[PDB]
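Comments concern the structure below.
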Amino acid sequence: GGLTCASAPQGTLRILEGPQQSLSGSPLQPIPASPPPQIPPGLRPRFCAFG
Amino acid sequence: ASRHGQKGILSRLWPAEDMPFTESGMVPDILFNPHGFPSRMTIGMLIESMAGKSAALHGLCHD
């Protein structure tokens with residue numbers, strides 16, 4: 001138990017978690033565009049001129 | 001005021017017999033002067049009037 005000074009280390013291992021990327025890199029999934037306003041069907045001339 | 005930034009003082013309470021009647025038998029209830037448009041460019045008031053007339057006629061409510 002003299003606890004002498006040992007030599008300098010050769011290198012460094014570093015352990016850390018890696019993320020999973022099987023999900024991302026996929027084609028994007030955007031929010032679907034709301035439709036442009038379309039005229040309602042069944043619009044008729046309700047007003048007829050008097051006389 | 002309208003909903004487009006067009007404020008305005010009432011100048012005159014104009015009679016209904018003196019008001020310009022349409023061919024439908026209808027007077028307006030507010031007259032607007034068209035010179036509030038060019039310098040101010042509130043085109044959405046023209047679209048709101050066309051849209052509100054369609055909404056009244058067809059019985060709808062427009063977006």
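Ligands are numbered from 1 in the order shown, chains are lettered A, B, ... in the order of the structure tokens, and residues start at 1 in each chain.
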Check: which chain B residues lie within 10 Å of chain A using only C-alpha atoms, as a list in words: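 So the contacting residues turn out to be residues 23, 24, 25, 57, 58, 60, 62 and 63 of chain B.
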Tell me, as a list in words, which residues lie within 10 Å of region 8-18 of chain B, counting only C-alpha atoms; anything in the same chain fewer than 5 positions away does not count. residues 1, 2, 27, 28, 29, 30, 31 and 32 of chain B
Written file, previous selection with N, CA and C atoms, as an mmCIF file, in the first residue's frame:
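So out.cif came out as:
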```cif
data_model
loop_
_atom_site.group_PDB
_atom_site.id
_atom_site.type_symbol
_atom_site.label_atom_id
_atom_site.label_comp_id
_atom_site.auth_asym_id
_atom_site.auth_seq_id
_atom_site.Cartn_x
_atom_site.Cartn_y
_atom_site.Cartn_z
ATOM 1 N N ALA B 1 -68.230 52.640 -36.451
ATOM 2 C CA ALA B 1 -67.062 52.047 -37.065
ATOM 3 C C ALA B 1 -67.474 50.762 -37.740
ATOM 4 N N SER B 2 -66.773 50.408 -38.796
ATOM 5 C CA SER B 2 -66.874 49.061 -39.308
ATOM 6 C C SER B 2 -65.796 48.232 -38.640
ATOM 7 N N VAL B 27 -84.092 50.060 -49.065
ATOM 8 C CA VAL B 27 -83.219 51.212 -48.885
ATOM 9 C C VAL B 27 -81.972 50.679 -48.199
ATOM 10 N N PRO B 28 -80.880 51.417 -48.129
ATOM 11 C CA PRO B 28 -79.852 51.098 -47.147
ATOM 12 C C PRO B 28 -80.232 51.686 -45.805
ATOM 13 N N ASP B 29 -79.489 51.310 -44.784
ATOM 14 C CA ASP B 29 -79.623 52.012 -43.532
ATOM 15 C C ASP B 29 -78.377 52.774 -43.140
ATOM 16 N N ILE B 30 -77.273 52.575 -43.850
ATOM 17 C CA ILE B 30 -76.057 53.359 -43.707
ATOM 18 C C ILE B 30 -75.515 53.645 -45.096
ATOM 19 N N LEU B 31 -75.236 54.912 -45.382
ATOM 20 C CA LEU B 31 -74.543 55.319 -46.595
ATOM 21 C C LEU B 31 -73.077 55.531 -46.285
ATOM 22 N N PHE B 32 -72.217 55.034 -47.152
ATOM 23 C CA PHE B 32 -70.782 55.106 -46.970
ATOM 24 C C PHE B 32 -70.199 55.850 -48.157
#
```
CA of residue 33 (chain B) sits from CA of residue 19 (chain B) at a separation of 14.1 Å
Would you mind listing what lies within 12 Å of residue 34 (chain B) as a list in words, with only C-alpha atoms counted and same-chain residues fewer than 4 positions away left out?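 Near residue 34 (chain B), the qualifying residues are residues 6, 38, 39, 40, 41, 42, 43, 45 and 46 of chain B.
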So that I can check the secondary structure, give me every residue of chain B assigned alpha helix (DSSP H) by backbone DSSP, as a PyMOL selection string. chain B and resi 44-58
Let me see the file: selected residues, N, CA, C and O atoms, as a short mmCIF file (atom, residue, chain, number, x, y, z; two decimals), in the first residue's frame.
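Saved to part-v9.cif:
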```cif
data_model
loop_
_atom_site.label_atom_id
_atom_site.label_comp_id
_atom_site.auth_asym_id
_atom_site.auth_seq_id
_atom_site.Cartn_x
_atom_site.Cartn_y
_atom_site.Cartn_z
N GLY B 44 -60.96 44.61 -47.62
CA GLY B 44 -61.72 43.63 -46.88
C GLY B 44 -63.10 44.10 -46.48
O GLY B 44 -63.93 43.27 -46.11
N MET B 45 -63.37 45.40 -46.56
CA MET B 45 -64.72 45.89 -46.32
C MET B 45 -65.61 45.63 -47.52
O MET B 45 -66.80 45.33 -47.36
N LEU B 46 -65.05 45.70 -48.72
CA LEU B 46 -65.78 45.32 -49.92
C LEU B 46 -66.08 43.83 -49.94
O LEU B 46 -67.19 43.41 -50.29
N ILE B 47 -65.11 43.02 -49.51
CA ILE B 47 -65.32 41.58 -49.45
C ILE B 47 -66.30 41.24 -48.34
O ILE B 47 -67.09 40.31 -48.48
N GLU B 48 -66.26 41.98 -47.24
CA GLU B 48 -67.21 41.73 -46.16
C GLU B 48 -68.62 42.08 -46.58
O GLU B 48 -69.57 41.39 -46.21
N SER B 49 -68.79 43.11 -47.39
CA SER B 49 -70.14 43.44 -47.82
C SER B 49 -70.68 42.44 -48.83
O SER B 49 -71.84 42.03 -48.73
N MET B 50 -69.85 41.99 -49.78
CA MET B 50 -70.27 40.93 -50.69
C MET B 50 -70.55 39.63 -49.95
O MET B 50 -71.54 38.95 -50.23
N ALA B 51 -69.73 39.31 -48.96
CA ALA B 51 -69.88 38.08 -48.20
C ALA B 51 -71.08 38.13 -47.29
O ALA B 51 -71.76 37.12 -47.10
N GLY B 52 -71.36 39.29 -46.69
CA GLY B 52 -72.52 39.41 -45.83
C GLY B 52 -73.80 39.42 -46.60
O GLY B 52 -74.82 38.93 -46.12
N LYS B 53 -73.77 39.94 -47.83
CA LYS B 53 -74.95 39.86 -48.66
C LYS B 53 -75.22 38.44 -49.10
O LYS B 53 -76.37 38.00 -49.09
N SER B 54 -74.17 37.68 -49.43
CA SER B 54 -74.36 36.27 -49.75
C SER B 54 -74.83 35.48 -48.55
O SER B 54 -75.66 34.58 -48.68
N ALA B 55 -74.31 35.81 -47.37
CA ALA B 55 -74.68 35.12 -46.15
C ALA B 55 -76.13 35.37 -45.80
O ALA B 55 -76.82 34.47 -45.34
N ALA B 56 -76.60 36.59 -46.01
CA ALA B 56 -78.00 36.88 -45.79
C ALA B 56 -78.87 36.19 -46.82
O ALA B 56 -79.82 35.51 -46.43
N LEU B 57 -78.52 36.27 -48.11
CA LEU B 57 -79.36 35.73 -49.18
C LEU B 57 -79.47 34.22 -49.10
O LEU B 57 -80.58 33.67 -49.08
N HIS B 58 -78.35 33.51 -49.03
CA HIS B 58 -78.45 32.07 -49.02
C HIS B 58 -78.79 31.50 -47.66
O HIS B 58 -79.10 30.31 -47.57
#
```
